[PDB]
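To keep things clear, I will list the structure first and then write my remarks on it.
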Amino acid sequence: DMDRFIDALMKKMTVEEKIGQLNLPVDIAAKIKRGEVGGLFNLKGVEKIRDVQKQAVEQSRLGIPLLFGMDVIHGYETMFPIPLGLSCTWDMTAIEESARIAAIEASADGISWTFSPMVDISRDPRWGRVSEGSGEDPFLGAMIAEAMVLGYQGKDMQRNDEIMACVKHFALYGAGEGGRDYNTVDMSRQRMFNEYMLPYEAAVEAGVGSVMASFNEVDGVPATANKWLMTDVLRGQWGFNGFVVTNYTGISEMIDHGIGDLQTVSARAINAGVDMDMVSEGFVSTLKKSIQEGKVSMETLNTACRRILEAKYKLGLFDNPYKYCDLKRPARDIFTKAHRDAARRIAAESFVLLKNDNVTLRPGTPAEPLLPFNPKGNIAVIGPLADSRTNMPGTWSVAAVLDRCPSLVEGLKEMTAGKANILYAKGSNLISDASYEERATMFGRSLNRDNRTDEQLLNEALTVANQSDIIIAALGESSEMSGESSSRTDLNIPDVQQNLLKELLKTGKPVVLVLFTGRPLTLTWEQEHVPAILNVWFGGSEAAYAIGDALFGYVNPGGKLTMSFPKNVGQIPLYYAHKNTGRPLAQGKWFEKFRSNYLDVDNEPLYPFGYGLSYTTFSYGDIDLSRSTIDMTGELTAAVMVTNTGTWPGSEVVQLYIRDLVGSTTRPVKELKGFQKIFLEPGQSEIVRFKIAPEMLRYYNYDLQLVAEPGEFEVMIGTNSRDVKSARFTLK
Amino acid sequence: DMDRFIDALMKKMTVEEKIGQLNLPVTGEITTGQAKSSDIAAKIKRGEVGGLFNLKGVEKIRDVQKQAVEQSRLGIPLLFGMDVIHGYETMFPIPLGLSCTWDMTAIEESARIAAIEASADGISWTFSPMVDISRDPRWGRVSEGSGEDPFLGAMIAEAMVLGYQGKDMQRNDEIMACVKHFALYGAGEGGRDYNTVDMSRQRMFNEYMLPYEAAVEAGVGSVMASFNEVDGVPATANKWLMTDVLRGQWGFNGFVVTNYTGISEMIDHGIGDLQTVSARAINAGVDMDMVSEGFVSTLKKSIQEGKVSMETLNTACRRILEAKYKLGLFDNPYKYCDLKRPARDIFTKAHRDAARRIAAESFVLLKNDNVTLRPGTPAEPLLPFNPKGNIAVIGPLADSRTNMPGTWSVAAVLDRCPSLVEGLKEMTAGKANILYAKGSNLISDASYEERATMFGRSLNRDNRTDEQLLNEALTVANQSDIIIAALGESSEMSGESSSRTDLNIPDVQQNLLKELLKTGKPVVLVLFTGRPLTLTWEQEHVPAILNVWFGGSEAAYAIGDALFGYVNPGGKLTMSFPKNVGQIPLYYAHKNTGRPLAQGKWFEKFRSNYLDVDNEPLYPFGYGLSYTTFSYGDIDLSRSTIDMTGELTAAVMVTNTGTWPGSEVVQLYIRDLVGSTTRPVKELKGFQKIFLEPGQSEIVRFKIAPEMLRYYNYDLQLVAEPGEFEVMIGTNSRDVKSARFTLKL
Ligand SMILES: OC[C@H]1O[C@@H](O[C@H]2[C@H](O[C@@H]3[C@@H](O)[C@H](O)[C@@H](CO)O[C@H]3O)O[C@H](CO)[C@@H](O)[C@@H]2O)[C@H](O)[C@@H](O)[C@@H]1O
Ligand SMILES: OC[C@H]1O[C@@H](O)[C@H](O)[C@@H](O)[C@@H]1O
Ligand SMILES: [Mg+2]
Ligand SMILES: [Mg+2]
């Protein structure tokens, strides 16, 4: 019984020792001896960790063991795709598997706590942290949040390969103005609950052990001092029973935000419901003084302390402080063949085929797609992402061995050895400006830029291209053009690369764009002029091999976008689940004076939410509804037959949207409410069935009551958010 | 008294007649929307019409008023509305340009003149001022407002209402104003006109609402509901806005009109059928139905069914009748129907002379670098210059009459305004030769050009190639001593339903500009625009840049005045000019964030900043140059510490350190350093426009009282908090002198 144990332990504790449980610092040995340390973060290596734990257990008065945290975001050493790429699998089993594998690996190396999952909704692709999330949609975001929490923690974190998760960043961090990381957030309460909050709630309701507070203000109060968020919503509305950790120096940053000095903002944080202080040392250096002056009560301190101690108890650390400190496990569990094969499979499943038009290859024959192709003849692999190992895994790969990942050229060479020649040319730098390239390739991602001019690089590339039968243009972002503090105001393939791509197309050889990116990009030029475009995001440590599997047809691409790809930055924010407005522009009517539309571009994204092609095609019959009417207690089934009408086996993500036609407040033109990923052989059919019940039709009204209102609903099922079949029913 | 008279009149009225007062059909030759009204004469006879709008001309208006007064049962006279936005026939600058005067007297004057002209021609009601705050230059309606700042916006709202209405609208040259668009319409997502608005209540009150409140406080007779949703409810059905804020909090005694088809647009918004949304509108506090016919066709059914009460109808009807009464229309229905006034009041030389003065005052000198014009002569700025030799005027805005007034000039005689070439030819006759070439089309794409030049603003695009156009212009430029490049937007690239996703000078014009620069002849960019543009390339390469917005009917002459040094530019920007559209929204009064980038530190990993451009606008709020220079000494604060009962004075000496007489807009910014909520890094709280001779100084003093330091806190309480404040005074929002004081209880 935890409460009795913790009561007894807390009876023994000084105020200094209770305070110390709340400290999560970046000397360290001295602090641990005095009981001033509740946990540590991003310390790598089971041996170092076991040694630090030893100090806590046997050289501090009470022997209270430490939490050891790390950003295990999309892998420990075996790297899966960046989360945004992973989300395009639309495969909750695979997602859970990826998190399970990462937990196995991290736990083997001493880690008991991951700062994952990141579930921040964003509709702004300028923000570099879209790479860490799961796109623009709350329903899908919520499903993913559950899958990740369950993957990490399992049922109750009792196993030694199960770790504590931490949903971040609570809340609304993805709506930062201008898409500039850390910038002001502002929105209505109604928008919070209908459009942003569901994934945080899903994590809490799946039993996530911890929550991390965000860097942004909400309603003019930094999240870290926002009691409405950290107590009233998180505990009061959602029943959260864990603890809240700040983000990095989150407390001291409130001084810069402009709401007071260190003591004042520290007191406000703890009274808001913040439990653990990451790096600031505002809790450890000011809380006693605040308790003496009456600004923080002993009851508040004890609650904060108690939540930390309960997390430690739930992880099994009081039973065994060294639960995660098995020196034999690393060789057994970390970077194994089985894990790496899982990563390669999931990587290939994450890729989104954006375009694959018919091209005239053989004279006189019908035109045919470039993808897939048989590896033979001379295959050119050209561009600054063609031969970089360190840029393959993606940002947020802090425990990965970067220079162990095969480059694309390396991986394709292996897979084609004896069947084709792989011809390499760098082609261009990452971007024209050298200073930009440096900051874009921070944290060990250098492309070894030298004194060769753009013109020299280009000329070499065209020599190689003109000796080839097909060109793989490996282009796009470096991995650190996304992640934290990596906001962009332009979302093109960088200048020199796009010029390279233009020049490769002019050789007359077939060109496949293999696009590396951590975010949506503005690709109208590429969509017009490049025959085949495969978005590979950043596929992880096995990316090169997975890309080969797609290119050669060993895997039929089935990924679907989870974030809208705009035509230009001037359309931001562009998202599928938008209100109709009072003056909707009808389909095909652009431009029309006095409708909601721009002078210079239509309203549409280049690629909408849920978009993704396959080497086969799928046909949808009409929707069958089991009932035309249901009441508040009823239910119906929406059924559609899906038929593989092409020549390839493949998967299709069948997507369910609902539109509430009339509301007491304005309602989106559609919302994702379900999906099923199916696999079909050529010629084969499957009746896909969705359950629809009133609980699915609920939303937060004007007074923030979560209600389904009677009236008509339109059910939409299809291959993406744009191309759908339609039927209607009535809620009575 | 009014109450007796109105009770009496309302005791005679059928339900249909009460509903009729709420009905505002459209008519006339003016187009400001899609839907059109039918059967108006018969509707007036049956008492089904409370007003009309878009009818131009005292003769037509008199006829219709006579139908209402003499041929309806009760003879209730009509309101006659028009968008009188920045002039009737004499056109002043577009409001965004006008705001750059920072001169409330001139602004009030411009409204006075518009009212004199509109009233002479039968109009009793203008749908003005438009006071929507915007931080998004994609939105075309920024041209209609006064920029990003609520303080300056509040002052302009008051000035405009006072100008139109006077003390109480009793005179025959005073008309009823209509503050618009209530509320938040300038925050439409993606800067796309009519799109979703969403924000916190704190942001509404601290950042967007003040100019509406200032109009109400100045006695504005009417309010127009906005097109957008607020908290998921279309503004036109938002009872919290239209009753609780507007009447409950602010004490507004007037009536609310919808925008054009605002009620039926609620169907598309998705909150119900015509009958349902009409009922919700009137129950929200909307009094008059522009075009939709929702009220007239469904309210009686709604009253029968109990969806709307008789008391609700009565209240709305009563507000309309009271507006008419306060305008003097029950006393004299023909008050604005004097058939002789147009010949003496409209487009007079005195009005046009005022417009010209006000237009030159509106221009913002963005750049005026020294140029070496002849070897061995020290470098001087291109502007101003003595008109002589050969002056080329080149570009698609060089010889266009119809584009000079700007958008929202629905009563102007477009082809009577002189083009820039014509204006400059008149002003330089006998002194200089004006050479001319169009140089380029407006934009490469003909279909864009067509929609960009609707409403009679064609540039007369012909079938010449870009090469024909360019070559003719280069033959002119190579013969000229100086080149005036008249480039930028057509007037209908801004205004309603004119949102842009790119904010450059259009492709073929920028190419023309590049080629003119390559001649080696000195180039002046005379920039026409209704919005902030992205001008980093122009700022790098063009020696002189004069933003002339759209100057009105006398723009050409006013431009000549600036160019030739008869007027020294003194405009300051009221909206931030971004370096690119990916920085949007960019605004001076921003929060610090928890990770502010220190000055001169771009780029720094883990600060709030972008990989590819710094955080700064190309030109900040309050930016603007002069033909002279001004220098500021240190700030003297009369006190270090005040309490809530107290006050202090901030003073600075401003000296004209250059060679030209000129005006400077001295701007006061205040920063509340610490708050219970995060406070902006600065907020404009005062300004004074001074005029100094060369070498002359003046001590500029600002009164600082705790009532200026209040803001809406977390609980939406308008309070000043004790603590430290920073006072900032300077020539723009960026380049400022600083001092500190403490507020105590
Ligand atoms: O890991 C805690 C927390 O870190 C926040 O980013 C910090 C960053 O911290 C990095 C850390 O993220 C990374 O995992 C390790 C290991 O490579 O290195 C640390 O230095 O550091 C800078 C300080 O230089 C901070 O500005 C930044 O905020 C993330 O925001 C958060 O998601 C993560 O959970
Ligand atoms: O003329 C009536 C109304 O016309 C509409 O087209 C405009 O949007 C309004 O701003 C104007 O006041
Ligand atoms: Mg409904
Ligand atoms: Mg303060």
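In the text below, chain A, chain B and the rest are named by the order of the sequence lines, each starting its count at 1.
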Return the option, out of [options], with the maximum number of heavy-atom pairs under 4.5 Å with chain B.
options: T665(A), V669(A), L599(A); result: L599(A)
options: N603(A), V221(A), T184(A), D660(A); result: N603(A)
options: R268(A), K567(A), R667(A); result: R268(A)
options: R126(A), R439(A), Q190(A), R488(A); result: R439(A)
options: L574(A), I255(A), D600(A), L661(A); result: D600(A)
options: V601(A), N597(A), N701(A); result: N597(A)

Taking side chain as C-beta onward, heavy atoms only, is [X] less than 4.5 Å from [Y]?
X: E217(A); Y: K591(B); result: yes
X: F594(A); Y: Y260(B); result: no
X: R607(B); Y: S485(A); result: no
X: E438(A); Y: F603(B); result: no
X: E592(A); Y: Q34(B); result: yes
X: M454(B); Y: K593(A); result: yes

Working to the nearest 0.5 angstrom, can you tell me the gap between [X] [atom1] and [Y] [atom2]?
X: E189(B); Y: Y575(A); atom1: CD; atom2: OH; value: 3.5 Å
X: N226(A); Y: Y714(B); atom1: CG; atom2: OH; value: 5.0 Å
X: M266(B); Y: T666(A); atom1: CE; atom2: OG1; value: 12.0 Å

Which atom of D256(A) lies closest to which atom of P596(B), heavy atoms considered: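 Nearest pair, atom of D256(A) first, then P596(B): CB-CD, 3.8 Å.
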Heavy-atom pair with the smallest gap, counting every atom of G190(B) and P573(A):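 Closest approach of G190(B) to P573(A): N-CD, 3.7 Å.
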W590(A) six-ring centre to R192(B) NZ/CZ under 6.0 Å and within 45° of normal: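 Ring-cation test returns no.
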cation_pi(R595(B), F215(A)) dist<6.0 Å, angle<=45: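 Flagged: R595(B) positioned over aromatic ring of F215(A).
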Options [options], ranked by heavy-atom pairs under 4.5 Å with chain A, top entry:
options: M204(B), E496(B), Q583(B); answer: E496(B)
options: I271(B), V230(B), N592(B); answer: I271(B)
options: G270(B), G272(B), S676(B), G594(B); answer: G594(B)
options: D445(B), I443(B), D231(B); answer: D231(B)

Under 3.5 Å donor-acceptor, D186(A) side chain and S200(B) backbone: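 Indeed, once roles are kept as given, a pair shorter than 3.5 Å links the two residues.
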Side-chain (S608(B)) to main-chain (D181(A)) donor-acceptor, under 3.5 angstrom: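 Judged by distance alone, yes, a pair lies under 3.5 Å.
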Under 4.5 Å from any heavy atom of chain B - which part of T249(A):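 For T249(A), the side chain is the part near chain B, not the backbone.
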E712(A), part contacting chain B, at a heavy-atom distance under 4.5 Å: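 When you check distances to chain B, no heavy atom of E712(A) falls under 4.5 Å.
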Candidate pair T581(A) and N195(B), rule side chain to side chain donor-acceptor pair (under 3.5 Å), full reasoning: CA-CA 6 Å; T581(A) 83; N195(B) 201 7; 5.9 Å; no
Chain A contact via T236(B) - side chain, backbone, both or neither, heavy atoms under 4.5 Å: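 Interface part for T236(B): neither.
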Heavy-atom contact with chain A under 4.5 Å, split by part of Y712(B):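 When you check distances to chain A, no heavy atom of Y712(B) falls under 4.5 Å.
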Over 12 foreign heavy atoms within 6.0 Å of NZ, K589(A):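 It does not: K589(A) NZ has 12 such atoms or fewer within range.
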